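# Secondary and tertiary structure notes
Residue strings, one per chain:
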Amino acid sequence: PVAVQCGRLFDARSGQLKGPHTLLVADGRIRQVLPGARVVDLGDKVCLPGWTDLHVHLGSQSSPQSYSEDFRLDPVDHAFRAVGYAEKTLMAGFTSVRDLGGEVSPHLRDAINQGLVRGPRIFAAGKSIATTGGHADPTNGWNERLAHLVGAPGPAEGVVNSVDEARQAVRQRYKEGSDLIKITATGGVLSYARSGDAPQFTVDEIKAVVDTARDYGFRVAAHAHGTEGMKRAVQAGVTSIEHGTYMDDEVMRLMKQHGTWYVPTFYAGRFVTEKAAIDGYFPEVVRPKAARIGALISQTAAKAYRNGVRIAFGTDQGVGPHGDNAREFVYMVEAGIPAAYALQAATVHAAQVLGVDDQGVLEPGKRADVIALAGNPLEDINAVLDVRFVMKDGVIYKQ
Amino acid sequence: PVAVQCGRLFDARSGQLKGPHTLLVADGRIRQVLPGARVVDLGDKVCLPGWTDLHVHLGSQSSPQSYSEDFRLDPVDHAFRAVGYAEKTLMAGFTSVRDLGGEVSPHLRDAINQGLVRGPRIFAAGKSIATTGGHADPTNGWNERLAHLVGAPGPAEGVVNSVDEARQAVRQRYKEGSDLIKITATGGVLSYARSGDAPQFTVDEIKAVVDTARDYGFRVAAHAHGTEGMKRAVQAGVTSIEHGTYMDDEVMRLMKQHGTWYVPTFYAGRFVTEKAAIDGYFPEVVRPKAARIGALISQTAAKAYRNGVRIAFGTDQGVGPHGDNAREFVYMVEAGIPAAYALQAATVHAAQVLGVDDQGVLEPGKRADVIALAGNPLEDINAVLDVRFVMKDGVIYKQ
Amino acid sequence: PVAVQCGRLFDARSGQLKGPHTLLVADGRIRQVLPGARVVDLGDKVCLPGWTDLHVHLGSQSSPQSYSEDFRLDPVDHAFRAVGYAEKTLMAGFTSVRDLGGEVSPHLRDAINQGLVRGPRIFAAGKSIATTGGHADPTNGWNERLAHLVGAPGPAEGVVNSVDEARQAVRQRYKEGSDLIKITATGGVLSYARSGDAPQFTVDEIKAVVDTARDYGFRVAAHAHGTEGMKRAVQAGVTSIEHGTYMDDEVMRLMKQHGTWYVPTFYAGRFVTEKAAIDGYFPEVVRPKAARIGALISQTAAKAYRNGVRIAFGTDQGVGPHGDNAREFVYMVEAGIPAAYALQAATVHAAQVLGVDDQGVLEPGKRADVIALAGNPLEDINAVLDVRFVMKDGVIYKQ
Amino acid sequence: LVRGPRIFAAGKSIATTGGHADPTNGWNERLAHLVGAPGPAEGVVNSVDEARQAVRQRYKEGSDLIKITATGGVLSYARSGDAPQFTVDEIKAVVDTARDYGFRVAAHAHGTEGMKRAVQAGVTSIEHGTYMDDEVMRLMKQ
Ligand SMILES: [Zn+2]
Ligand SMILES: [Zn+2]
Ligand SMILES: [Zn+2]
Ligand SMILES: [Zn+2]
Ligand SMILES: [Zn+2]
Ligand SMILES: [Zn+2]
Ligand SMILES: [Zn+2]
């Protein structure tokens, strides 16, 4: 039964900064909000709902030695790093994340739920689904000896090639304890492959994936750079599109008609463009793809916003350093997107993408995930980079 | 910035021998051609664009001990032999080749691109795709002990039996780093099998292969002797047909309607018939097939030329000795094909088969691959057997 | 440079409590101790060197569900539990531990050395070496189906049956990044086996293990309950004996002549005796062994101390709850061992057992591991249950 | 086929588990599981009978001489740089088997103890002598 007094309250449902309020928190939920028991005072601070990041990779972080860790490290080391990664992510103001790839994230989610370690609320997609030679193929770039003694990956490993294998892949993701489904619709930038935007899925396989996920109650997110794969994924019926580098007018029309969410991820594109300039940071197979593709994200996102495509907040951290997600807000504001909409996209739209209702707005009966800022973020977006108070589920983690 | 002065220039776009010209080469391209900086003088020479061979096997060469090398040699020995094979091919005037089978050719292409060894520009198809018991099945003729210790080949090994396996095989060829797709539509002569012209593919599987290859920008070439497999491959939508020993009028009509390219390969047809006369050179399973099939190639190619089928230049070297490709120019001319068309088929039509535009004609903005002949090849076709100057991408390899 | 003012100081090299002192810490070591820079004042506290626990299992903890997690849980879950286990162990005043079995411990040591997580300084033995059916056999109690699909363990798994296999086992332990070697000479209480004190090693295998360990700079610790296995291990030349449940006069004489160290581990015996009374806690195979063997660790340790056998400090935590190690100090003092010797056994004798000269005493040039207690432990042995100040390598962790 | 000098090839180098020439040093658990622990066919030995088979397998693969790593090395993915990694019986077995097939033995060594063991076993040449002392020099001269 705590009473949090807030000097200025942000209404994520309306996007307008309100006056002083008081929140009553009991049993991990918000009991009532009163205009104007222990007391937590934030009279000279701005209170907001906890932020949600819809694209993170908490079990990795990009580094010069990243491409050699596949043959030298074990999952235990990745978990020991993910402890600090999750603590840094939680302390930055993000009380919820959607992890879109990795086999360490379900275990970290279980550990956080059991209270062994501190971190945000994780919605884990598990191992991503791809095709042979795809962006998420685990054996791209391996020589013939290792490839032969490791075999050809199949539905149990996440590699699909037919309609009947997609069903088995979705069922195996459900069996391993996933919360949603992730597919790579086209090629990628950071993979050890040749293509970067070629359509790597047929419409039948994506439709099978969506049908199986709907049978199991899952939602499907699709990584996509090229136009043909993006159009195939949109027409199949996926929920969100992870990148839109080569999005055109017809894809925008189809997205608006279907209701697809768009996750721009400015931060990853800026990071790959910056790191492609350093010699030796990326393999020579990867460097041209990054230097070309990554620089065409801010314009497409601005055009999609101007055309009326629903946009959500996601960072693709794991390329960039964890605990620095809030910088994307700045990248949004300097892209033509108003600060109010940028703050809305991480609170009330992220819950719509996630398909839940118990979070996103500071309303009675919802989860008590509250954060505080020293400065007003509407008149100056940089104030999102200094969080002074973090509370999750009624437990204060930063005062 | 080199100036090559040529006494007589051949116009591959028109097929007519022109007068003296001057080519300006800078940065590996042709800058301008002027009728009438270091100077390379070929005053008493005929200048032509570099030749292209659309059917070679640079990782092997036929010999009496060829059929036992499968169990005694390693890929390293084949690479060490290909080192000399590629140089012998380049010095003969062929600055570009299309390799249609072999798992050593992508590595040799990478080595040549990195500048470690000298050779032509390789477009590699990788491992060929076949069916169970097919012409390109890697385990034909093996006893049951070895066949059990190696298992049954699948899509990862290049053997398909359904549409989904065909899709997986094309995707695996893309993953392994291929530039096009090669399928065996019928039986063959040099296989350790029983049939020589039976249809070994169904229309659905070939259509699946063509669709998957089109999804990745690949072109498909088909090896075919019998009429039924040839017709199936033509109707499915392949680009070129590698043989047509039993081509009839309905196939010729279908080829003309669809636009299929024809590669006769006179040299291999003559070589197999000549070597079938020697006792013990070929296995008793192979000798009748060679002695029968190989002798019916020159008549079919002449009839197809008379009927209006588009014909490209290919030799199927690896059966014949490398560095002797130009002899095919003779076999075409003594088959009724004019010398001008024979020279055109290896320069401007080979680029159309390959699907590129930066080579084939000595024009500004195209690659500077130039060769020179001592005698005029139009009046005498034997002059193609004495090349005196070879330059590839602006670098002179033979003066 | 930090100046620590101490009201009373304990000299581990003499076992006497001195007067006020001042310690100068710079670069993570002790510079000068002056009788009588940022100042840390502990004028009303008793300062001691950091304690060392020579028998812990930081990768596990006893639970009613501990006999089904071998088939349900993953090493990542054990790492996430080990983070908290190590933090609790460090906060209790134990700045160094010797881990005597477990696959997670080397990775936890690496993570702590890199600063990713908090914990003590780990000397990890890695896998424990046993024979077929031994106390440390990883497949004890499994059914025929599981034991078939896993195969018979060999020297790579830690199971040996000859001299040449023991050599390979020691070399494999070195290869995996171990600091010492651990073998089980006899049976154990908690194994899924019939025996509790039978000899399971021959003198020729233990001698080979010791000889191979001496090459790589390793020391050998031996688990033993019965008299014959203890005698074999002592005569072979092991460094320390982990339990002495059935030690007799001849074994004590041999230990005195050889100089072997003895680790009683009162806590494990008391815990197993208390948990054997509960119904269903242990499997029916384990319960009689826990009821019988553990009730004799107190009379044997007292007799060994009265006979002049050298005794060190160890708790076997992971059977007991992590963080409660210091309670063993209460068990030794009530067993007849004086408080000063019990305090020396964890500071100056643990360094002799480990073979490191940089720790153990608060002297210039040594590692700055300093702990503080509210009360005087030489008159009340319960004061070791209230640690008020912890410092490891010059960094303050608890103030 | 190609140009170059006259090669006297030793082939695979023989080492022990975790040795300087171990082909699986530094690999993670997954990779090391799908390759198996190297044996005498891969050049890794741990006894006399395994060393005999290793020398015979080197002969079978077309080698001209035998190469062993007596101690640790600088460039390996291992913790040690000069520790003894061969016992005096294994080196003697290697030399005795090599003498049968007409082979000579070269030894990689940095530390003093491994160098001494290799010199007293009867190797032909020593590849490095980083920590050679007076007794090792006297034994080499003798
Ligand atoms: Zn992506
Ligand atoms: Zn991603
Ligand atoms: Zn063919
Ligand atoms: Zn061919
Ligand atoms: Zn024990
Ligand atoms: Zn133990
Ligand atoms: Zn060396």
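Residues numbered from 1 in each chain as written, not as in the entry; some residues may be left out. Chains lettered and ligands numbered in written order. Part of a larger assembly, values for the part shown. Heavy atoms only, no water.

Method of structure determination, per the deposited record: cryo-EM was used for this entry, reaching 2.71 Å resolution.

## Structural notes on the state of the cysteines
Residues and elements named next belong to chain B. Under the convention used in this document: Put simply, a disulfide is two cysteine sulfurs that come within 2.5 Å. A 1.4 Å probe rolled over the protein chains alone gives each residue an accessible area, and that area as a share of the maximum for its type sets the label: buried under 20%, exposed over 50%, partly exposed in between.
One pass over the structure, following the stated rule, counts three disulfides over all chains. One disulfide in the model links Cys 6 with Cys 47; its S-S distance is 2.0 Å. Across the S-S bond linking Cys 6 and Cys 47, the dihedral sits near -80°, which makes this disulfide left-handed. For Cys 47, a relative accessible area of 0% puts it in the buried group.

## A look at the environment of C:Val390
Residue and element names in this part refer to chain C. Stated precisely, the cut-off is as follows: Helix and strand labels come from DSSP, where a helix needs a run of H or I of at least four residues and a strand needs a run of E of at least two; each type is numbered from the N terminus. A contact between two residues is defined here by any heavy atoms of the two lying within 4.5 Å.
Position of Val 390 relative to the elements: it lies in strand β15 (residues 387-392). With relative accessibility at 0%, the residue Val 390 sits in the buried group. Through-space distance from the C-alpha of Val 390 to that of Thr 273 is 33 Å; in sequence the pair is 117 residues apart. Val 390 has contacts with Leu 90, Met 91, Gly 93, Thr 95, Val 370, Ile 371, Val 395, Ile 396, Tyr 397 and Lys 398, leaving out every residue within four places of it along the chain.

## What about the coordination of the zinc ion (ligand 1)?
Residue and element names in this part refer to chain A. Condition: Because water is not among the atoms used, a metal site may look incomplete, as its donors are only the N, O and S atoms within 2.8 Å, or 3.2 Å for Na, K and Ca.
The zinc ion (ligand 1) binds to the protein through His 223 (ND1) and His 243 (NE2); the donor distances cover 2.1 to 2.3 Å. Separation of the zinc ion (ligand 1) from the zinc ion (ligand 2) amounts to 3.8 Å. Highlighted residues: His 223 in strand β10 (residues 220-223) and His 243 in the loop between β11 (240-241) and α7 (249-258), separated in sequence by 20 residues. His 243 matches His 223 in its accessibility class, with the two residues each being buried.

## A few points about the packing of helix α4 (residues 163-175) of chain B against helix α5 (residues 203-215) of chain B
Residues and elements named next belong to chain B. Note the cut-off: Axes here mean lines fitted to C-alpha atoms, for a helix over just the part in contact, with angles spanning 0 to 180 degrees between N-to-C directions. Left-handed is the label given to a crossing in which the near helix is rotated counterclockwise from the far helix by less than a right angle, and right-handed is the label when the rotation is clockwise.
Here α4 crosses α5 at 35°, and the two axes come no closer than 9 Å. Considering the relative orientation of α4 and α5, their crossing is right-handed. Contact with α4, carried on its side by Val 163, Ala 166, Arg 167, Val 170 and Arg 171, involves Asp 204, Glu 205, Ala 208, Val 209, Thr 212 and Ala 213 of α5 and no other residues of that element.

## Details of the coordination of the zinc ion (ligand 7)
Ideal values for angles at a metal depend on the geometry: 109.5 degrees with four tetrahedral donors, 90 or 180 degrees with six octahedral donors. All names here are of chain D. Taken together, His 108 (ND1) and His 128 (NE2) make up the full set of protein donors to the zinc ion (ligand 7), lying 2.3 Å away. Within this pair, whereas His 108 is found in strand β3 (residues 105-108), its partner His 128 is found in the loop between β4 (125-126) and α5 (134-141), the two being separated by 20 residues in sequence. Note on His 128: relative accessible area 37%, which makes it partly exposed.

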